[PDB]
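Residue numbers (my numbering), protein chains in the order written: chain A, 1 to 173; chain B, 1 to 459; chain C, 1 to 464; chain D, 1 to 592; chain E, 1 to 55.
Working notes, beginning with the structure itself.
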Amino acid sequence: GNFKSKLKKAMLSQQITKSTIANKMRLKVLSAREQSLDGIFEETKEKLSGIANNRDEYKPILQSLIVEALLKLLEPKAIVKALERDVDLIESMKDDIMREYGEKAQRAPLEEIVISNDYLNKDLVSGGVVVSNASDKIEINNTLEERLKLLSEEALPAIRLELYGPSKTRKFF
Amino acid sequence: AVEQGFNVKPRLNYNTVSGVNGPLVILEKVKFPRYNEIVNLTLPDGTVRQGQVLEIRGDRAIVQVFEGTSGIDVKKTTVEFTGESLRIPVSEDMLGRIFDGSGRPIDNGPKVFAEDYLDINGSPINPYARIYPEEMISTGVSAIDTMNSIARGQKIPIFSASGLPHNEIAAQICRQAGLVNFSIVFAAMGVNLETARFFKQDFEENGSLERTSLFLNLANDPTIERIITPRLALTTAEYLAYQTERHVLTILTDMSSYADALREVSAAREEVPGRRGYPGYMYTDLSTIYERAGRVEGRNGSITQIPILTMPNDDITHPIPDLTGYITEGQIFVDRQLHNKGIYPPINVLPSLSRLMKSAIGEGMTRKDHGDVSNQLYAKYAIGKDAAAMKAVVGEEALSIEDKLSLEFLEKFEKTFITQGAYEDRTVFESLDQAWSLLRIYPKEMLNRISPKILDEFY
Amino acid sequence: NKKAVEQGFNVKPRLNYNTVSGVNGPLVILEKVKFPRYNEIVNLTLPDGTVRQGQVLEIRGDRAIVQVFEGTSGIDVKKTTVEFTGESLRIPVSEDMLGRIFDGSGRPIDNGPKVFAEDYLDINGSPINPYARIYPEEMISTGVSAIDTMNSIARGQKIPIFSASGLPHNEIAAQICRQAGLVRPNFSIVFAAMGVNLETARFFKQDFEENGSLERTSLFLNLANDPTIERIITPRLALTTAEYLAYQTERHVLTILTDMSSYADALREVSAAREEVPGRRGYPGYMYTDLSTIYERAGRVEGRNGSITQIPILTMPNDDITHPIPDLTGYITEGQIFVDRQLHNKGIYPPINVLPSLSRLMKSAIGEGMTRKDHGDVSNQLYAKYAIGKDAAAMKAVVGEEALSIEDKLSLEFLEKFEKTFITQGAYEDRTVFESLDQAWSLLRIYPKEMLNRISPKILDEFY
Amino acid sequence: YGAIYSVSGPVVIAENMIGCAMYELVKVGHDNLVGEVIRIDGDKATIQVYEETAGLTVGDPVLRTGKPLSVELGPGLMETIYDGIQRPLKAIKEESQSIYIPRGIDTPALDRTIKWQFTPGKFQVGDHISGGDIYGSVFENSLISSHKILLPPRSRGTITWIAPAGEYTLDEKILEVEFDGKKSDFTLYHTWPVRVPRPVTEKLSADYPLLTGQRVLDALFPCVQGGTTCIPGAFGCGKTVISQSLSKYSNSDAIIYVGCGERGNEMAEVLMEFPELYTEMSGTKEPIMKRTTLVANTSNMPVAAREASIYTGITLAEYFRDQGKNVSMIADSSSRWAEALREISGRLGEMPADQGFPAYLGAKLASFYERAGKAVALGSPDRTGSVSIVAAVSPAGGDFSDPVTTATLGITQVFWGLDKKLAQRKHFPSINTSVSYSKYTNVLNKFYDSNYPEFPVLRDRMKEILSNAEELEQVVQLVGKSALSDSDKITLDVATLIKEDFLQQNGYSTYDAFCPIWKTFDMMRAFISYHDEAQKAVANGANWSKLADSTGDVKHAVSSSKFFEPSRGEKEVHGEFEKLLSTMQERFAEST
Amino acid sequence: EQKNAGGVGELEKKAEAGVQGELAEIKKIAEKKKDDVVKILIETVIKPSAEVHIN
Ligand SMILES: Nc1ncnc2c1ncn2[C@@H]1O[C@H](COP(=O)(O)OP(=O)(O)OP(=O)(O)O)[C@@H](O)[C@H]1O
Ligand SMILES: [Mg+2]
């Protein structure tokens with residue numbers, strides 16, 4: 001009887017040993033999915049930086065990326081933080097930005113929009129602008145990197161459906 | 001075809017903070033604040049803490065910070081409004097994962113590959129779409145399997161106190177809670193590392209990590225996340241049980257600690273308090289948590305909540321146990337007196353109750369004598385307690401023959417029937433046979449609660 | 001020599017505020033105040049000309065909230081002028097205070113001159129550095145057998161006296177004052193009255209005069225007629241006087257704080273006047289801190305031979321230890337001397353119940369060099385057998401005297417001869433600690449040698 | 001630099017402080033009083049100053065330090081006494097020449113003039129050092145030798161230069177660590193916020209017992225090295241004496257004795273007596289004071305500083321745990337910490353919750369008690385420490401229904417309840433054996449089976465004897481003892497003997513100041529063998545009265561076994577006990 | 001019993017190889033649909049909506 005009791009304790013350790021290896025291998029597959037997913041987003045960042053390089057194609061990008069952010073602020077004055085590369089482009093498109101904001105919003109076009117002297121980091125921000133309130137208090141990070149981060153955070157289920165198909169376990173919804 | 005949408009919504013970074021009273025951060029110049037909306041407080045240090053909006057004025061938006069307000073300033077703290085309520089990324093891969101109180105994994109694994117984002121608060125399940133739980137869970141515990149039966153879809157807490165083996169009893173039920181396998185969603189709200197390690201070891205030894213999800217909000221973790229943990233665990237359980245058709249056994253622990261978190265938030269908000277300072281809406285919050293368990297029409301899954309509630313001063317009249325017993329479908333009462341006597345499990349059967357026992361302990365589901373035996377055992381145990389009081393007060397010789405027989409019944413009921421020890425695994429039929437062995441002490445004439453047909457058949 | 005005098009020669013004009021934003025309860029709120037302090041004492045001049053003295057308690061921007069000691073009755077917004085002294089309450093302290101009778105607010109009610117102050121000391125004082133505080137390990141032969149054999153009092157102990165309303169706590173406390181002395185070879189008593197009646201105050205004055213201690217006592221009489229707000233500052237004045245006379249004058253001081261229940265009642269009234277927390281039984285949540293500020297000013301300090309011993313006299317409402325005042329007082333102080341209504345009704349003087357009584361400074365100051373080597377064992381055995389006797393008496397009342405065993409009968413006999421001969425003591429009779437130990441040894445010799453399990457066997461062999 | 005706007009009690013709402021962080025340390029007033037920000041209402045910022053508020057004028061400057069309340073860990077802590085905010089009381093006294101503590105003294109938390117012998121560790125130039133790794137050790141005193149110098153947590157990088165062996169002060173550079181091209185200079189000491197627990201690699205299930213030295217605590221309700229412990233009880237019950245005895249005679253490597261709301265005379269007693277006592281650890285007789293530091297914040301000290309004292313003490317314990325030592329924090333009154341919290345809350349205006357104690361009291365107590373536990377230190381080399389928190393709760397009115405007591409019972413694992421009935425009648429330790437419980441009896445079975453296999457069985461037998469005697473006394477007190485059986489009389493007599501001789505321990509007597517684990521086990525064996533022999537002899541047919549008359553000598557020998565001084569050693573004391581059982585067995589056979 | 005117990009815990013290469021197929025399948029799916037998923041993510045990021053708040 002004593003030997004049988006000792007074997008029971010050893011057997012319970014074998015289950016823990018098998019479970020620990022099973023869980024470790026199970027998280028290996030899950031970490032492979034995240035690593036594969038990170039390749040999707042890292043490749044997207046490379047093309048997002050590539051699209052910013054195309055000066056002609058980036059002109060309508062910064063048209064929307066500024067007016068869309070200004071329409072959320074709904075402030076008559078704004079401060080635009082942007083890369084030093086895009087400062088001239090914004091200075092050229094400022095009138096179009098004012099007209100588009102005044103058209104999309106029922107209010108009059110914003111009184112004064114000024115490009116902040118402090119420019120975005122070249123390594124981190126690869127495009128877009130970070131507009132702000134007149135007092136530089138309420139700001140919207142509308143950069144391409146921030147937009148991609150928001151998308152990668154809040155669009156995961158559709159990426160799952162595209163890549164790994166539907167969920168076999170799921171039955172409703 | 002499943003419809004999921006790609007969309008990018010910019011989020012305003014509000015630098016304006018005008019109050020960090022307690023665990024509440026008060027903003028000043030929010031544009032169209034949204035009630036019950038997740039915000040991210042980027043601290044001056046750099047770390048971000050999640051927050052939830054509890055009240056909005058014309059321009060203010062009071063935010064409760066889950067990770068606490070320690071280190072929050074006004075000049076360099078920016079609050080980023082996500083524009084949507086909290087949506088935990090749910091997936092069938094959550095089984096085997098250990099999450100924090102805020103849903104962030106702590107098992108040294110990747111972020112959960114979301115299959116869908118579900119609102120934490122959920123929605124009230126349609127009463128017409130519910131199914132009355134009739135399948136009886138044959139928990140190994142004799143004091144439960146008999147005399148207070150648990151069904152698939154029941155919300156039956158464990159009313160315990162400080163030092164009582166509520167963790168051991170719940171872990172025993174989880175080990176052996178088969179029908180007459182169960183996925184487990186374990187929510188830890190402010191329990192100590194001893195209890196968390198016990199449960200984790202308990203699951204690993206029994207092999208439950210293949211099909212369990214843990215939300216460990218330890219005592220070291222911030223106290224406000226005790227509000228968010230049970231909702232996260234129960235929406236994960238709802239996802240599994242309904243959208244996946246699993247049989248989830250949700251085990252909340254320290255619901256008293258959750259209510260203490262509510263009181264801490266309610267006191268900070270300076271709201272009008274209820275009994276013992278608890279919020280006047282604590283009944284509604286506890287009901288929202290508890291009523292997320294049950295069977296649903298069409299779906300082949302169920303949720304069986306067993307929230308481990310520790311009564312603060314072993315008093316069932318406390319607001320937390322009172323409202324929990326009023327909301328839930330019963331209670332398992334762990335007795336300090338029985339624990340002192342050395343009885344395990346120290347389940348005091350008299351205060352314990354199972355409202356679904358009546359439908360789950362009929363003929364066909366179990367033996368035809370379950371209800372009669374349970375009622376007779378209850379009556380004789382009450383008579384035994386009264387006889388013990390009479391022996392304590394008046395002289396023992398004054399006790400009648402029935403009183404002496406009932407004292408003997410109490411002795412053998414507590415010391416042989418209730419006393420079970422871990423790993424015992426008494427089947428319902430074996431427990432009923434042992435209960436009959438207990439009831440065979442009395443002559444068949446004395447057994448009033450037993451119907452004559454059952455008495456003739458089984459005595 | 002003393003450089004603190006030179007700071008005295010400095011006149012400082014004080015603002016005279018005619019602005020009173022409003023008065024509510026015992027608090028008067030001032031407005032447009034120029035840089036208020038937090039405890040500065042202010043002198044309100046009422047329209048009738050009488051001058052109350054108050055101290056600010058909360059100071060918002062250009063606003064001060066004064067509570068006056070003599071009550072707010074008669075205060076008018078238009079005519080009252082407040083003078084901001086600019087410094088917290090400071091009793092004028094001198095060595096000539098020994099032998100005087102002052103009032104609740106420190107004013108001399110002795111019909112003599114104002115005290116020729118040697119230094120102005122803040123009544124609140126400062127906490128004594130625990131490193132700079134010596135552990136009191138010198139017994140005090142209080143004469144009383146109970147307080148000398150079972151509750152021995154050290155030189156710096158702050159052991160209070162717990163009693164009910166009608167008990168003779170004043171009679172016992174006066175006995176200690178007239179008999180206080182070291183076991184191994186005079187105390188400068190400092191008496192503070194807080195809300196006591198005229199009969200009690202006159203009894204204390206006459207007892208001090210009769211025993212000759214009045215030449216070494218500075219009484220602070222604050223009777224029931226006196227305003228109920230300055231019961232707060234009266235013990236502060238007494239303890240500041242004692243702290244001076246001990247730590248700067250090298251005098252061993254007895255501090256008697258009678259009717260600390262009345263002091264705590266005044267504290268509760270002050271707290272309930274504001275929107276403060278009610279604690280337990282209505283007493284403020286900071287009552288522990290205030291009672292600590294009072295009691296913890298006793299003790300001996302390093303490098304200074306002066307010592308202060310505190311014998312506060314409480315008044316338990318229902319003779320219950322569970323009441324907040326006795327509970328917090330026993331939590332803060334270093335013991336208690338429990339005066340028993342049951343013993344008083346039985347006819348024992350002093351009616352000290354030793355079981356609720358305790359002396360935490362007995363462990364030290366009881367030993368083989370300070371007292372006799374058998375003192376601790378004898379006291380422990382006496383408590384054990386007296387409690388056993390009380391339990392045996394209860395069992396006798398319950399199931400008759402015949403059911404008791406030989407041990408219970410011996411316990412009853414020991415309790416009878418202990419309460420009747422040992423605790424009982426004349427009001428003017430003092431017993432040396434060695435004589436009290438001899439009587440205790442006789443009481444133990446009632447028992448056989450075997451049953452004495454608390455006596456170390458060497459002591460039992462040597463002293464039986 | 002802000003300004004003071006409102007001073008009401010120990011809280012100071014200071015205006016013109018936009019940018020102040022929560023719990024950020026400030027300097028309120030011209031004397032630079034130490035305070036922590038609680039609320040930030042706009043530019044206003046309510047501060048709980050840790051000093052005396054008397055004399056603060058509206059308009060006094062308030063400096064913003066920028067860092068939270070940070071204890072100063074490092075060499076020199078071990079034999080000192082602190083003021084709650086880690087101010088050395090000896091340094092304050094020496095600098096001020098006054099028996100008082102002046103308001104605003106800014107003495108360094110650690111002596112800077114003292115030169116410490118430094119011995120560099122296995123690390124050298126170029127080795128990648130991580131947070132919590134030991135890069136050297138210093139000789140602090142004879143007892144606590146090699147006070148290992150730890151790299152601060154959250155500090156990491158490659159070692160650029162290390163100081164060679166020699167003598168160094170705390171301000172002198174000891175190490176230079178390069179992280180991402182930025183050099184960081186490290187000294188012998190390092191600061192740590194008291195609010196945040198010091199990180200550990202992984203906590204472990206505590207298994208080695210904490211030998212308190214008291215018989216009942218060590219046998220009936222044992223505590224492990226690394227587990228929270230609660231000691232409720234009214235005044236005079238024995239919580240302070242139990243705590244001091246545990247600190248004196250425990251098997252812990254270091255003691256962090258924290259007194260919040262305790263008298264200054266208890267601190268004076270500890271400072272006076274601890275150097276006199278000696279320990280047999282480390283192979284030599286060294287004073288107890290060489291391995292115990294005191295955080296003294298008495299009851300008359302500022303109210304708000306009790307929380308700072310608790311947190312400073314627990315952080316010192318966590319530091320000596322990360323050093324791999326077996327530390328045991330001793331908080332003198334968690335109830336007084338809670339009363340300080342209640343006073344601050346009432347002065348602030350928060351909702352009273354229960355009894356007036358703030359609604360966050362339970363969470364704060366849970367976090368503080370969760371700081372404790374056995375754990376593996378953060379960095380290499382691998383070493384394991386533990387913090388045992390044995391905190392004495394002080395219920396209001398002597399009732400265990402207080403909110404502080406309820407929260408403490410909910411969070412802690414060991415509950416040493418004290419009954420005032422036994423606190424009177426000199427029955428110390430006045431442990432209530434009916435309500436007290438220890439949840440480490442299950443885990444301690446490994447140690448018991450390894451060293452004293454019969455210890456758990458004997459403890460269970462004594463517990464059931466005590467329970468049976470409690471029931472018998474309850475029935476007898478109302479129905480007399482004229483109907484008890486012989487077995488009932490034996491149980492009552494043996495349990496009265498146990499209460500009078502075994503359970504009660506005179507901690508101030510030489511024989512019973514410290515009853516070690518082996519002596520306690522042997523005396524449990526003696527008492528249980530006495531009870532078993534009496535039961536067997538009476539069951540054989542002997543009348544209990546005659547048996548007691550014949551075996552009074554054996555009963556006296558058993559009851560006087562406590563007088564065996566443990567200083568004789570395990571061999572001598574156990575030799576006498578083996579003869580005690582043999583004589584008792586013979587005197588029960590000859591009588592029968 | 002001890003000899004049998006030791007063999008059970010050594011078994012990890014089989015478990016590692018079992019998941020090795022899953023990693024290959026994940027890598028294949030990623031290499032197949034990277035173009036499509038990255039292109040649709042790019043379309044979403046590049047094409048915003050100038051939408052004013054409803055209120
Ligand atoms: N183990 C013991 N052995 C001997 N005497 C003891 C023991 N424990 C307590 N005592 C005695 O009882 C007294 C109780 O004082 P103690 O400091 O223990 O009180 P406490 O319960 O901690 O009070 P407080 O709540 O006021 O801090 C001691 O001063 C001592 O005289
Ligand atoms: Mg104490």
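Every residue gets a Cβ at the ideal spot worked out from N, C-alpha and C, and that includes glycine.
### Query
Residues of chain D with a CB under 9 Å from the CB of B:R276: which are they?
Translated into positions along the second sequence, residue 276 of chain B becomes position 276. Neighbours of B:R276 on chain D, chain order: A353, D354.
#### Entry: Residues of its chain near B:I383, where Cβ-Cβ distance is below 7 Å and the 5 sequence neighbours each way are ignored
Position 383 of the second sequence, counted from the first residue, corresponds to residue 383 of chain B. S406.
### Task
Quick one: residues with CB closer than 7 Å to any heavy atom of ligand 2, in chain order, please.
D:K239, D:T240, D:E262, D:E266, D:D332, D:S333, D:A392, D:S394
### Task
Check B:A382 in the structure and name its three-state DSSP category.
Position 382 of the second sequence, counting from 1, holds the residue named residue 382 of chain B. Note: B:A382 maps to helix in three-state DSSP.
#### Entry: Straight-line Cα distance separating C:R178 from C:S213
Within the third sequence, the letter at position 213 stands for residue 213 of chain C. Within the third sequence, the letter at position 178 stands for residue 178 of chain C. Approximately 7 Å, taken between the alpha carbons.
#### Entry: Own chain partners of C:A264 with C-beta closer than 6 Å, once the 5 adjacent residues on each side are dropped
Residue mapping note: residue 264 of chain C aligns to position 264 of the third sequence, counting from 1. Only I325 meet the Cβ criterion.
### Task
Under 7 Å between beta-carbons, which chain D residues line up against B:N192? List them in chain order, please.
Residue numbering aside, residue 192 of chain B sits at position 192 when the second sequence is read from its first letter. Chain D residues near B:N192: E370, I411.
### Query
At what residues does the alpha helix (DSSP H) containing D:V270 begin and finish?
Position 270 of the fourth sequence, counting from 1, holds the residue named residue 270 of chain D. D:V270 -> alpha helix (DSSP H) spans 264 to 273.
### Query
So what does D:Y168 bridge to, in DSSP terms?
Locating residue 168 of chain D in the fourth sequence gives position 168, where the first residue counts as 1. Answer is D:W116.
### Task
Enumerate, from N- to C-terminal direction, the unbroken alpha helix (DSSP H) stretches of 4 or more residues contained entirely within the segment 337 to 381 of chain B.
357 to 360
### Message
Give me the residue from D:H574, D:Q585, D:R525, D:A513 with the minimum Cα distance to D:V241.
### Response
What you label residue 241 of chain D is simply residue 241 of the fourth sequence in a count that begins at 1. Among D:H574, D:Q585, D:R525, D:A513, the Cα nearest to that of D:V241 belongs to D:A513.
### Query
When the Cα atoms are used, what is the spatial distance from C:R445 to C:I455?
Stepping through the third sequence from its first residue, residue 445 of chain C is reached at position 445. Stepping through the third sequence from its first residue, residue 455 of chain C is reached at position 455. Computed Cα separation, rounded: 12 Å.
### Message
Cβ closer than 9 Å: which chain E residues qualify as neighbours of A:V80?
### Response
For this step, residue 80 of chain A is matched to residue 80 along the first sequence. Per Cβ cutoff of 9 Å: no residues; A:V80 is ~16 Å from chain E at best.
### Query
B:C174 by DSSP, collapsed to three states: which one?
Position 174 of the second sequence, counted from the start, is the residue given in the question as residue 174 of chain B. Helix, per DSSP.
### D:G373 to D:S367 span [Cα, whole Å]
Within the fourth sequence, numbered from 1, the residue matching residue 373 of chain D stands at position 373. Within the fourth sequence, numbered from 1, the residue matching residue 367 of chain D stands at position 367. Taking the straight line from one Cα to the other gives about 12 Å.
### chain E contact residues for B:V8, given Cβ-Cβ distances below 7 Å
Mapped onto the second sequence, residue 8 of chain B falls at position 8. Near B:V8 (Cβ distances below 7 Å), the residues of chain E are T44, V45, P48.
### Query
Cβ-heavy atom distance between B:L455 and ligand 1 below 8 Å?
As a working mapping, residue 455 of chain B is identified with position 455 in the second sequence. Outside the cutoff, so no.
### Inter-residue spacing [alpha-carbon to alpha-carbon] between C:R133 and D:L143
In the third sequence, the residue the question calls residue 133 of chain C occupies position 133. In the fourth sequence, the residue the question calls residue 143 of chain D occupies position 143. Computed Cα separation, rounded: 27 Å.
### Task
Select from the segment 97 to 130 of chain D all residues with a C-beta closer than 7 Å to any C-beta belonging to chain C, and list them in chain order.
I99, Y100, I101
### Task
Scan the segment 217 to 301 of chain C and note each continuous alpha helix (DSSP H) run of 4 residues or more that stays entirely inside, going in chain order.
233 to 247, 260 to 273, 287 to 295
### Message
What would DSSP say about D:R39, mapped onto helix, strand or coil?
### Response
As a first step, residue 39 of chain D must be located in the fourth sequence, where it is residue number 39. D:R39 falls in the strand class under three-state DSSP.
### Query
Between the Cα of C:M362 and the Cα atoms of C:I147, C:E87, C:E58, which residue gives the shortest distance?
Position 362 of the third sequence, counted from the start, is the residue given in the question as residue 362 of chain C. Looking at the Cα atoms, C:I147 is the closest of the given residues.
### Task
Please report the residue range of the beta strand (DSSP E) in which D:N326 lies.
The residue you call residue 326 of chain D lines up with position 326 of the fourth sequence. Per DSSP, D:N326 belongs to the beta strand (DSSP E) from 326 to 331.
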